[PDB]
Amino acid sequence: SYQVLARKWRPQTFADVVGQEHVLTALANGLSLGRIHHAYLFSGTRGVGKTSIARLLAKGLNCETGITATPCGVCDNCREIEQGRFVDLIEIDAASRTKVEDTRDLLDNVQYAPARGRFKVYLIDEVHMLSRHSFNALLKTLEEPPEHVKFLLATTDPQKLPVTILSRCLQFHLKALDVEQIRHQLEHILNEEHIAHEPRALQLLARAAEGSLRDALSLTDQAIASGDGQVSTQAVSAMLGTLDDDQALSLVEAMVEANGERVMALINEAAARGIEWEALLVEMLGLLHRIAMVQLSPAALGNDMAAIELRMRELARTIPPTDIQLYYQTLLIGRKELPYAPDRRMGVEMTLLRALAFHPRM
Amino acid sequence: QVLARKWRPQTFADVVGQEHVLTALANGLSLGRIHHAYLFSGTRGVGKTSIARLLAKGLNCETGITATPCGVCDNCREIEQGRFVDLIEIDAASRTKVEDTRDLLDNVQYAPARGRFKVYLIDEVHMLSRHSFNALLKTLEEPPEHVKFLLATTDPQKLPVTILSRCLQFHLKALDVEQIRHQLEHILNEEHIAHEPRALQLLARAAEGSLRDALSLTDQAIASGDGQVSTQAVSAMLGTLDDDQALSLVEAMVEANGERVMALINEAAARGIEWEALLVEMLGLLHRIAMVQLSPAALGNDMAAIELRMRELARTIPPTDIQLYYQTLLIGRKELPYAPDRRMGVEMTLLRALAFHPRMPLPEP
Amino acid sequence: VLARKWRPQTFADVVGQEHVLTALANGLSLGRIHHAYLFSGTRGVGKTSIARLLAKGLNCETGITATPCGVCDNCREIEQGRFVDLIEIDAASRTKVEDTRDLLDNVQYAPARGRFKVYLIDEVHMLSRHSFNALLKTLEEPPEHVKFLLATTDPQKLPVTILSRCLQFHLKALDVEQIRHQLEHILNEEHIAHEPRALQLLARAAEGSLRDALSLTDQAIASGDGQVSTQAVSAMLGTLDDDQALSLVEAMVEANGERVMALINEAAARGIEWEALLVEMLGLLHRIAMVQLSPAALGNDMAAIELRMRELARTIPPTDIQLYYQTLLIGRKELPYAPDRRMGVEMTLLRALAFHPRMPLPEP
Amino acid sequence: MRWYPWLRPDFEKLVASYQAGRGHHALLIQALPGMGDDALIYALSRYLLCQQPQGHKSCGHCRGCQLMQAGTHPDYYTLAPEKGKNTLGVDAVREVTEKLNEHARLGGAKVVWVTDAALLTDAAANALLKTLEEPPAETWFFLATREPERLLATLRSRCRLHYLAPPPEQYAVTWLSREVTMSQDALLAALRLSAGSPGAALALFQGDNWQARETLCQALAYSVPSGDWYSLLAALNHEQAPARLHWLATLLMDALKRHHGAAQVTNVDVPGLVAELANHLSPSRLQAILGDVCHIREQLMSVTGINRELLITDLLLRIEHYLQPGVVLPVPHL
Amino acid sequence: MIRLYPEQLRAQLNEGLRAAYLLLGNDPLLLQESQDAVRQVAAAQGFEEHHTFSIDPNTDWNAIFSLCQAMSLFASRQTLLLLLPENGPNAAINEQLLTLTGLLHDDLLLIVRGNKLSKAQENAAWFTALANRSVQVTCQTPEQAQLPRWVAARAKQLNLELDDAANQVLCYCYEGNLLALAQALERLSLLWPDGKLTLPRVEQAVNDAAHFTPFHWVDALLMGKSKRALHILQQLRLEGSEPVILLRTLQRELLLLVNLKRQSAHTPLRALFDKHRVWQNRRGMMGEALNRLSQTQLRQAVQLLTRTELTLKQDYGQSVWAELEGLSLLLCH
DNA sequence: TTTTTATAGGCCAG
DNA sequence: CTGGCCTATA
Ligand SMILES: Nc1ncnc2c1ncn2[C@@H]1O[C@H](COP(=O)(O)OP(=O)(O)O)[C@@H](O)[C@H]1O
Ligand SMILES: Nc1ncnc2c1ncn2[C@@H]1O[C@H](COP(=O)(O)OP(=O)(O)O)[C@@H](O)[C@H]1O
Ligand SMILES: Nc1ncnc2c1ncn2[C@@H]1O[C@H](COP(=O)(O)OP(=O)(O)O)[C@@H](O)[C@H]1O
Ligand code: BEF
Ligand code: BEF
Ligand code: BEF
Ligand SMILES: [Mg+2]
Ligand SMILES: [Mg+2]
Ligand SMILES: [Mg+2]
Ligand SMILES: [Zn+2]
Ligand SMILES: [Zn+2]
Ligand SMILES: [Zn+2]
Ligand SMILES: [Zn+2]
């Protein structure tokens, strides 16, 4: 009965959900106060618990124990939803059933009372994909449903919904999950599974999650395969393509010394080593940032940099604020435009070359 | 239960704004000059679907065709509960096809079961096929005495000129910040719900003109704040921070003082205020300011607690300069996705301000 | 309703359109009746109204005439609705072939009251391929007692093979004075108070259509409580303004920042999509920069907006026009990053204003 | 579709997890073209579909393996693009997602091989999302791309990544020398043109292709000195233009590297043509031209239906303009 | 085979009917009118039974075996019509026709409708041994040159008296839409029984409705007439032409200009036109263009064409029509 | 001598 | 209810 963690560890009671404490609060608050709306719209970037929470709200509505905000998970009704078998939670793949002719069926079967539940709850997910004509068909029902109907909509991307559809819903925007928020969670999960792990490797994984729990659980699962059983600092950092601190700065330095031959030749030993290019660009953005900062107050350089700190300050004292802004700017634009250039390499080479020929003013 | 829906006005008295529409309908009912095709247009949530029904209700009141329907006679209450045999509410967006419009037509000839008029109210009317608009044409130009058409839609332009020419177009305007506030208050009072006066200004504003958008927003304010519509609750929910700390950074930035910019940010950062969010309230302030230059009266009604200081800023800084700051804070936003760390990105964008500062550039070597 | 009441029942009664009436008139008069006529032009200019007059003049009890009497059994019978041998088909709702095949199975039987069986087919563009083919079989071999009057807004849609069997009359948009005159007439007969300029404002707003006109008036009469005042009509037309983007360009060039920021407020009422306003503006600036290179660059299209435009073109610097244009395009590129799409358009015009070349923005 | 030797370890690592049953149900493999991703997958596919598997191996004699061998095996879905086309449409995905709910027509596991995830239409990628997050059981997906970052946000997060890094240059050149007989410099260049992947390298020698590079170089060697770049039309205006535009791009870049006296170049084998670019073009214009040449390449690959001749023609006329003194040169945006 | 213009037809159908009436052309009006002029004179010669038959490559080898059989003696005279495919007589129907060429009676009268033929299509056996028997009518519409004559001609056949200046103002409004020009007169003779069409009289009874093809526009750009261009666009819009088709045809020529303007410094003009196979009638026009346009205007032309193509197919923009209104003026300096 | 493409909604004849 | 056909939006 195996399943990826990303899938197994879906929160099955409100309690088990990480963060989003502002959404959970409003929800539980209204479930208790009796202020239950008819159309909730949940939004936010990939894997931050949009559709996990829809599914939980649904349990809370239908639970054999009462309309609760703390649903049990131990009635025919909560287990049935956990497994998708529950009949009064009509879950719709919007991205797949986009056509009007299809959502007009949806509507023709709304009037009818629920089977074994208390509410018929439609869960339209990936909802931003419904045809223009489909959205408009919902307009009148979404605004005035039967007393026994709740509409739970979720999408990555609510920009796309007609403003008339928004007007009609409560909109909960889920925040991205905090770096620590993700790490604590990774910790908890690797402990329950009984899997060995090294603190600082979870650190790289929360960063790399780029704000998303699924992204992160999917990375972790990748760690466990390449690592052979363990999630070690060693392994993760090889898989993620992380940087040993020198090589980054060295490039920053040679770049502002207008030293072409070396920047190029430095990238080349880096291509040998198999460095992940977006990661180079990013550490370079980070250094350029320190520097620019320290030029502000001497104190803003970290405890963390001790090894570099000597080379940092010099760069700060030499290079004018103005000229560092252009460097950062130029390498920012380059990261953006990276995945479009014919190789990843070639795009770092074009980007550095560009910034290279800055050095002299007039 | 749900506000948005509960407070649908049940008489013309209860409708906010739209004087120019209400006054016409009213003047026309008692004047006995009543068209056969009324078209209602305007943004989401401004009262077209409900004015249409009020009109219907008044056209059919047992007391007589009147602009003040009585809300009690079988006919009135039955239209309020949407089960009146002679008000045919057609969801244009599902009867879009011709073969559907054709059925509607075939049954126009037959007279009304209970009322003076058979009233078809075709809502979301811009969705009808090209084919079924034309179907509507001759019937909409020369109906039978006992028929009236109430068309309503979000955008009129999608409708054939041939239709437009055939009916009265009442375009409802979006509601002013004041008008929204006043309602949101009346309701929250009537519904017995504690509220802080500013939380309403804040809500009426984020409504972006739409009275539903407003009520929908309050509905979840009440939930977010726990039975209370409080300022902390609303601005929490709205991404707004309470307004000093945003301005303070602007100020600090025009005054070229670095320490304070950086400190004010460190403080933004122990609060975990959202980074894109911040840069926005600032372009927001930078705009209102450049705005105030131009026309003096322009400065908003919501920033009383801050006006002393804002007014000042407009007077003391050159417009060319202000466009500069905005500019820089904007590309700053454009950049934020791509910058290494959302914070660093904001920090770095403010350092660009400083480095290219007009009046006191950062120190060259 | 005024639209319905004042539909002309006599040729005298029809406004303008004189190059159609005179050719009809004369053809009746001098025995030249084609087996089939087609009436085109824009919404509300008399297409179907004249179709119905032709039917009266074609069947009058006095005889085939250009001056039908409007009084005989046959003429009031048609005026009313129910004339046995005037078969008026609403082709937009009877478009399938099954229905056109049946319509025409009765074409062959002789007419039971007047000289002519007259089939009046309205909004005829809507008929299927197949219903056309069938219609055509009957116009290729027209019975003698039958005449066909085909009416439509979009003739471009009938088969080449049907237009080739119809004398087609194109009705002109009615002119400002022509419409203003009929406005005055009618309002007077109904006994209704009106100011001169209130009417001239209505005719201008009608955009060439005598229906859009009477429809605008009925509504007027309401807003003014039985009076058609300039104080009232002015108001109600501001309710209905397409206008805000041409108007913002006029307002922007003239440096008028109150009028500029007021129009932006008029635009929020109408409930505009903001990226949309910007793009209509850019598009006018373009259109104008070209009526700089030749006169012929203004549309058959433009007409109502038109007068304002040629003037805008004259009284502006072509080096300036590419200046405003740069700023607008950039404001668009910036607009999804501006904090409120409103604020975005506001700050874009405000930027147009501070960097105005001609009359620039006051500095401290 | 061939099997290259550098796949062994990557395969032995990937099967393993499957051989335990803890294999992830949605593998996205990122590999250069010609790195042999399709074969790595076929091997994983065949192993999943075989009922009598001898370890890592598929046997050949079980009913499952027979059917597989002969194209039709009811539980193997190939998601590539219509013959005439270059995108992978939504409707195609929907067949596959529905049929997947039928209990395996041959009572086994079901595998779906999406050949190039990059080709998934916007609508297609989304239709793929909900099935991909939690498919039925014993369902296995395999997607492959060049560049995962060009791939829909939310689809990327349902997958486990596997990187198919190419073998050291030295191995790859020694690999090549045994498949084609070409100069050492030649291989090395082919190999470097192809971002490191042998066989994608090797592909160049097999076609009309390498003869076409020589033709691009012939022309280029004329346009540079004389300043007639509209003259490249001929060598660039082909259906393979995105590819040859990349050739052109890499030459421009090597020239820019020499103006900074760099060690590696990409076009090792024409160091003549490289030097002559470094000679008659300023760094400023070398770079601007590198700029537009990539930029058009994108549009030529990305904008559906766009006219090549017209787009390449604009580029060439426009380059000639940059060549002039004092013209304003392009600078990346946003 | 007596070749004719549709005007001349009425006369050579009186003299003698001939076994085979061939109506080739493109203009919808000159087809119908010719068609009907024959049908009319055939009834009047004893002909009751009129059979029509549209020929696709669809018509089976069973559909063409009910046509060859469709003529046996003695039946009251019958008029067999045949309509044609885009391509004209394919190798499939080049033979079916051959069957009908020898079954010719005074009883069976053939009428054939379609486009002009390719030259080896006309010279395909059946058609030449039809030759001394058949009449053939040219129904190609007249162009901006040949047109006024055709109007001042029909003007007289309807005995109306047209003015040098009214003739101009009709040819402007109805160019390429002969059917509407035709009713233009019919409508003006009902207007004025005088039969005198002064300019100002005709002005008031006209509406603008020309049909052009994209070609007409590039022609007009090539020669630098810009007021013409602009008209041609606005008509091409209200007909709903896919703007893509405009782009691709302005390009065949705009890129060809680019390429000639270069070589024009090395080799003479006359050699280049030959090198490229430039249709002879186009060749004068071209030179005109090559002369007025700089090698730089041509370049801005190309750039601008490109920006509008990207704006169309990438950005999904609306601008397209007005970007061409501009591109149209640039090529006219 | 006459043209982008992927997805969608829709009308009609028989 | 299919296969031919038009159209709108991005
Ligand atoms: N807030 C959260 N708390 C715990 N797990 C989470 C959270 N958000 C996402 N996840 C993890 O991500 C997986 C997918 O979450 P999901 O709710 O489907 O995200 P989405 O909003 O993108 O549909 C879950 O199975 C769970 O493991
Ligand atoms: N003018 C108004 N007065 C009072 N409430 C309004 C008004 N306009 C909108 N609303 C609120 O919005 C809800 C729905 O309004 P509705 O009339 O459906 O807007 P629409 O024009 O978009 O259909 C109403 O129940 C009411 O609470
Ligand atoms: N030439 C005209 N003279 C008088 N009234 C007109 C004229 N044209 C339009 N109208 C008015 O518009 C109403 C509808 O006119 P109609 O002739 O049906 O327009 P259509 O051409 O669109 O069918 C008529 O009742 C009449 O009041
Ligand atoms: F992956 Be989630 F539904 F954005
Ligand atoms: F909600 Be409304 F009818 F746009
Ligand atoms: F009756 Be019309 F064509 F508007
Ligand atoms: Mg989801
Ligand atoms: Mg509504
Ligand atoms: Mg009509
Ligand atoms: Zn429970
Ligand atoms: Zn009542
Ligand atoms: Zn009479
Ligand atoms: Zn096997």
# chains A, B, ... in the order shown; residues from 1 in each chain; ligands from 1
$ residues_near_ligand --ligand "ligand 12" --cutoff "7 Å" --atoms "only C-alpha atoms (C1' of nucleotides) and all ligand atoms" --output "PyMOL selection string"
chain C and resi 56+60-62+68-72+74-75
$ write_last_selection --atoms "C-alpha atoms" --output "PDB file, in the first residue's frame"
ATOM      1  CA  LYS C  56     -49.785  48.619 -48.379  1.00  0.00           C
ATOM      2  CA  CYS C  60     -54.292  48.969 -51.574  1.00  0.00           C
ATOM      3  CA  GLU C  61     -58.045  48.829 -52.388  1.00  0.00           C
ATOM      4  CA  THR C  62     -57.612  52.079 -54.379  1.00  0.00           C
ATOM      5  CA  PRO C  68     -51.414  54.302 -50.103  1.00  0.00           C
ATOM      6  CA  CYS C  69     -54.472  55.558 -48.200  1.00  0.00           C
ATOM      7  CA  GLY C  70     -53.979  54.031 -44.712  1.00  0.00           C
ATOM      8  CA  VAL C  71     -57.748  53.910 -44.258  1.00  0.00           C
ATOM      9  CA  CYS C  72     -59.300  51.139 -46.466  1.00  0.00           C
ATOM     10  CA  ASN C  74     -56.619  46.364 -46.340  1.00  0.00           C
ATOM     11  CA  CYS C  75     -54.566  49.347 -45.153  1.00  0.00           C
TER      12      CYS C  75
END
$ residues_near_ligand --ligand "ligand 10" --cutoff "12 Å" --atoms "only C-alpha atoms (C1' of nucleotides) and all ligand atoms" --output "PyMOL selection string"
chain A and resi 12-14+56-82+117
$ write_last_selection --atoms "C-alpha atoms" --output "PDB file, in the first residue's frame"
ATOM      1  CA  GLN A  12      -6.400  14.614   8.041  1.00  0.00           C
ATOM      2  CA  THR A  13      -7.538  16.818  10.952  1.00  0.00           C
ATOM      3  CA  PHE A  14      -7.249  20.606  11.154  1.00  0.00           C
ATOM      4  CA  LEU A  56     -10.812  19.255   5.668  1.00  0.00           C
ATOM      5  CA  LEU A  57     -13.529  21.909   5.639  1.00  0.00           C
ATOM      6  CA  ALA A  58     -15.728  19.369   3.922  1.00  0.00           C
ATOM      7  CA  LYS A  59     -15.132  16.802   6.772  1.00  0.00           C
ATOM      8  CA  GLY A  60     -16.017  19.481   9.265  1.00  0.00           C
ATOM      9  CA  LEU A  61     -19.312  20.155   7.478  1.00  0.00           C
ATOM     10  CA  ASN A  62     -20.499  16.593   7.067  1.00  0.00           C
ATOM     11  CA  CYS A  63     -19.162  14.900  10.204  1.00  0.00           C
ATOM     12  CA  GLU A  64     -21.439  12.348  11.846  1.00  0.00           C
ATOM     13  CA  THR A  65     -20.649  14.115  15.211  1.00  0.00           C
ATOM     14  CA  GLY A  66     -22.107  17.529  14.318  1.00  0.00           C
ATOM     15  CA  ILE A  67     -21.068  20.483  12.158  1.00  0.00           C
ATOM     16  CA  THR A  68     -17.663  20.829  13.756  1.00  0.00           C
ATOM     17  CA  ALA A  69     -14.423  22.796  13.304  1.00  0.00           C
ATOM     18  CA  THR A  70     -12.468  19.927  14.847  1.00  0.00           C
ATOM     19  CA  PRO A  71     -13.751  16.938  12.848  1.00  0.00           C
ATOM     20  CA  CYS A  72     -13.002  13.488  14.276  1.00  0.00           C
ATOM     21  CA  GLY A  73     -11.845  11.279  11.392  1.00  0.00           C
ATOM     22  CA  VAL A  74     -13.579   8.273  12.927  1.00  0.00           C
ATOM     23  CA  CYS A  75     -17.046   8.205  11.457  1.00  0.00           C
ATOM     24  CA  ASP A  76     -18.167   6.507   8.262  1.00  0.00           C
ATOM     25  CA  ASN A  77     -18.274  10.131   6.947  1.00  0.00           C
ATOM     26  CA  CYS A  78     -14.731  11.306   7.737  1.00  0.00           C
ATOM     27  CA  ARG A  79     -12.983   8.066   6.749  1.00  0.00           C
ATOM     28  CA  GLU A  80     -15.017   7.999   3.546  1.00  0.00           C
ATOM     29  CA  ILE A  81     -13.686  11.502   2.588  1.00  0.00           C
ATOM     30  CA  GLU A  82     -10.136  10.665   3.571  1.00  0.00           C
ATOM     31  CA  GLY A 117     -24.386  13.496   4.233  1.00  0.00           C
TER      32      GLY A 117
END
$ residues_near_ligand --ligand "ligand 3" --cutoff "8 Å" --atoms "only C-alpha atoms (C1' of nucleotides) and all ligand atoms" --output "NGL selection string"
(:B and (141 or 162)) or (:C and (2-8 or 13-17 or 40-50 or 122 or 151-153 or 174 or 182 or 209-212 or 214))
$ closest_residue --among "E:306, E:32, E:52, E:297" --to "chain C" --atoms "only C-alpha atoms"
E:32
$ interface_residues --of "chain B" --to "chain F" --cutoff "10 Å" --atoms "only C-alpha atoms (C1' of nucleotides)" --output "PyMOL selection string"
chain B and resi 96-99+129-131
$ residues_near_ligand --ligand "ligand 7" --cutoff "7 Å" --atoms "only C-alpha atoms (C1' of nucleotides) and all ligand atoms" --output "mmCIF file with N, CA and C atoms, in the first residue's frame"
data_model
loop_
_atom_site.group_PDB
_atom_site.id
_atom_site.type_symbol
_atom_site.label_atom_id
_atom_site.label_comp_id
_atom_site.auth_asym_id
_atom_site.auth_seq_id
_atom_site.Cartn_x
_atom_site.Cartn_y
_atom_site.Cartn_z
ATOM 1 N N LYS A 50 -3.986 24.277 -0.071
ATOM 2 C CA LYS A 50 -5.246 24.733 -0.623
ATOM 3 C C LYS A 50 -6.250 23.598 -0.657
ATOM 4 N N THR A 51 -5.894 22.517 -1.309
ATOM 5 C CA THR A 51 -6.901 21.523 -1.514
ATOM 6 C C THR A 51 -6.899 20.539 -0.376
ATOM 7 N N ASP A 125 -11.603 22.107 -8.150
ATOM 8 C CA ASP A 125 -10.167 22.336 -7.920
ATOM 9 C C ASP A 125 -9.495 22.571 -9.250
ATOM 10 N N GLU A 126 -8.518 23.464 -9.244
ATOM 11 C CA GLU A 126 -7.847 23.929 -10.454
ATOM 12 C C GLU A 126 -8.814 24.785 -11.264
#
$ select_by_dssp --residues "range 25-189 of chain E" --states "helix (DSSP H, G or I)" --output "PyMOL selection string"
chain E and resi 28-43+93-100+119-122+126-129+147-157+164-174+178-189
$ interface_residues --of "chain B" --to "chain A" --cutoff "6 Å" --atoms "only C-alpha atoms" --output "ChimeraX atom specification"
/B:1,44,93-94,213,223-224,340,355,364
$ residues_around --residues "range 158-164 of chain E" --least-positions-apart "5" --cutoff "7 Å" --atoms "only C-alpha atoms (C1' of nucleotides)" --output "list in words"
residues 152, 195, 196, 197, 198 and 199 of chain E
$ select_by_dssp --residues "range 52-280 of chain B" --states "strand (DSSP E)" --output "short mmCIF file (atom, residue, chain, number, x, y, z; two decimals) with N, CA, C and O atoms, in the first residue's frame"
data_model
loop_
_atom_site.label_atom_id
_atom_site.label_comp_id
_atom_site.auth_asym_id
_atom_site.auth_seq_id
_atom_site.Cartn_x
_atom_site.Cartn_y
_atom_site.Cartn_z
N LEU B 87 -43.19 35.69 -12.84
CA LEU B 87 -41.85 36.26 -13.00
C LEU B 87 -40.91 35.14 -13.44
O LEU B 87 -40.52 34.28 -12.64
N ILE B 88 -40.55 35.15 -14.71
CA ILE B 88 -39.76 34.07 -15.25
C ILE B 88 -38.29 34.45 -15.29
O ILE B 88 -37.85 35.13 -16.24
N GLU B 89 -37.54 34.04 -14.25
CA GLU B 89 -36.14 34.41 -14.15
C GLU B 89 -35.31 33.43 -14.92
O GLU B 89 -35.18 32.27 -14.57
N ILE B 90 -34.76 33.91 -16.01
CA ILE B 90 -34.06 33.06 -16.93
C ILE B 90 -32.58 33.25 -16.78
O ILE B 90 -32.09 34.39 -16.90
N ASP B 91 -31.88 32.15 -16.51
CA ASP B 91 -30.43 32.19 -16.31
C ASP B 91 -29.80 32.15 -17.67
O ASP B 91 -29.51 31.08 -18.19
N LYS B 118 -46.69 39.19 -17.64
CA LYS B 118 -45.70 38.12 -17.66
C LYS B 118 -44.36 38.84 -17.76
O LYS B 118 -44.09 39.49 -18.77
N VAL B 119 -43.52 38.79 -16.71
CA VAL B 119 -42.21 39.45 -16.75
C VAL B 119 -41.01 38.48 -16.87
O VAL B 119 -40.72 37.74 -15.92
N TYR B 120 -40.35 38.49 -18.03
CA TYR B 120 -39.15 37.70 -18.27
C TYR B 120 -38.03 38.58 -17.90
O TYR B 120 -37.90 39.67 -18.43
N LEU B 121 -37.21 38.11 -17.00
CA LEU B 121 -36.01 38.81 -16.60
C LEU B 121 -34.82 37.93 -16.97
O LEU B 121 -34.55 36.91 -16.36
N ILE B 122 -34.14 38.32 -18.03
CA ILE B 122 -33.05 37.52 -18.57
C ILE B 122 -31.73 38.04 -18.03
O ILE B 122 -31.19 39.04 -18.52
N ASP B 123 -31.20 37.36 -17.02
CA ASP B 123 -30.00 37.81 -16.31
C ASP B 123 -28.75 37.13 -16.87
O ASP B 123 -28.78 35.96 -17.21
N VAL B 147 -46.69 41.60 -21.91
CA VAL B 147 -45.31 41.13 -21.74
C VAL B 147 -44.32 42.29 -21.47
O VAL B 147 -44.43 43.35 -22.09
N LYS B 148 -43.39 42.08 -20.54
CA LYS B 148 -42.22 42.96 -20.41
C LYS B 148 -40.89 42.20 -20.29
O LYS B 148 -40.84 41.14 -19.68
N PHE B 149 -39.82 42.75 -20.90
CA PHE B 149 -38.46 42.19 -20.84
C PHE B 149 -37.51 43.02 -19.98
O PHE B 149 -37.29 44.22 -20.23
N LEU B 150 -36.94 42.34 -18.98
CA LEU B 150 -35.91 42.88 -18.10
C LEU B 150 -34.59 42.15 -18.36
O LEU B 150 -34.39 41.00 -17.97
N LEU B 151 -33.71 42.84 -19.08
CA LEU B 151 -32.43 42.29 -19.43
C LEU B 151 -31.41 42.85 -18.49
O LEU B 151 -31.45 44.03 -18.20
N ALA B 152 -30.46 42.05 -18.04
CA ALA B 152 -29.40 42.65 -17.23
C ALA B 152 -28.08 41.98 -17.51
O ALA B 152 -28.02 40.78 -17.78
N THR B 153 -27.02 42.77 -17.43
CA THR B 153 -25.70 42.25 -17.74
C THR B 153 -24.56 43.11 -17.25
O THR B 153 -24.69 44.28 -17.02
N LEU B 168 -34.50 50.45 -23.26
CA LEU B 168 -34.01 51.50 -22.39
C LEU B 168 -32.77 51.02 -21.73
O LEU B 168 -32.81 49.94 -21.16
N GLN B 169 -31.67 51.78 -21.78
CA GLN B 169 -30.45 51.34 -21.11
C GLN B 169 -30.20 52.17 -19.89
O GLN B 169 -29.90 53.35 -19.98
N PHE B 170 -30.35 51.55 -18.74
CA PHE B 170 -30.00 52.18 -17.50
C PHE B 170 -28.65 51.69 -17.07
O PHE B 170 -28.51 50.53 -16.69
N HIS B 171 -27.65 52.55 -17.11
CA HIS B 171 -26.37 52.08 -16.68
C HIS B 171 -26.13 52.44 -15.23
O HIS B 171 -26.02 53.61 -14.89
#
$ interface_residues --of "chain G" --to "chain C" --cutoff "12 Å" --atoms "only C-alpha atoms (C1' of nucleotides)" --output "JSON, numbers by chain"
{"G": [4, 5, 6]}
$ write_last_selection --atoms "N, CA and C atoms (P, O5', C5', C4', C3', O3' and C1' of nucleotides)" --output "PDB file, in the first residue's frame"
ATOM      1  P    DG G   4     -17.229  15.232 -42.395  1.00  0.00           P
ATOM      2  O5'  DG G   4     -17.916  16.643 -42.756  1.00  0.00           O
ATOM      3  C5'  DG G   4     -19.105  16.697 -43.555  1.00  0.00           C
ATOM      4  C4'  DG G   4     -19.623  18.122 -43.528  1.00  0.00           C
ATOM      5  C3'  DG G   4     -18.530  19.158 -43.710  1.00  0.00           C
ATOM      6  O3'  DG G   4     -18.921  19.934 -44.812  1.00  0.00           O
ATOM      7  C1'  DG G   4     -19.907  19.725 -41.855  1.00  0.00           C
ATOM      8  P    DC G   5     -17.959  21.110 -45.328  1.00  0.00           P
ATOM      9  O5'  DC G   5     -18.169  22.294 -44.238  1.00  0.00           O
ATOM     10  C5'  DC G   5     -19.312  23.151 -44.320  1.00  0.00           C
ATOM     11  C4'  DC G   5     -19.517  24.010 -43.098  1.00  0.00           C
ATOM     12  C3'  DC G   5     -18.410  24.955 -42.811  1.00  0.00           C
ATOM     13  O3'  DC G   5     -18.713  26.000 -43.619  1.00  0.00           O
ATOM     14  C1'  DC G   5     -19.463  24.172 -40.817  1.00  0.00           C
ATOM     15  P    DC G   6     -17.768  27.285 -43.537  1.00  0.00           P
ATOM     16  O5'  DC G   6     -18.131  28.137 -42.241  1.00  0.00           O
ATOM     17  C5'  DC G   6     -19.070  29.168 -42.344  1.00  0.00           C
ATOM     18  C4'  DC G   6     -19.392  29.532 -40.921  1.00  0.00           C
ATOM     19  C3'  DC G   6     -18.396  30.470 -40.318  1.00  0.00           C
ATOM     20  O3'  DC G   6     -18.965  31.701 -40.399  1.00  0.00           O
ATOM     21  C1'  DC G   6     -19.074  28.811 -38.757  1.00  0.00           C
TER      22       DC G   6
END
$ atom_distance --atom1 "CA of residue 97 in chain E" --atom2 "CA of residue 126 in chain E"
6.8 Å
$ residues_near_ligand --ligand "ligand 1" --cutoff "6 Å" --atoms "only C-alpha atoms (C1' of nucleotides) and all ligand atoms" --output "VMD selection string"
chain A and resid 6 to 7 9 to 11 17 to 19 46 to 52 213 to 214
$ residues_around --residues "residue 18 in chain C" --least-positions-apart "5" --cutoff "10 Å" --atoms "only C-alpha atoms (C1' of nucleotides)" --output "PyMOL selection string"
(chain C and resi 11+23-24+171-172) or (chain E and resi 191+204-205)
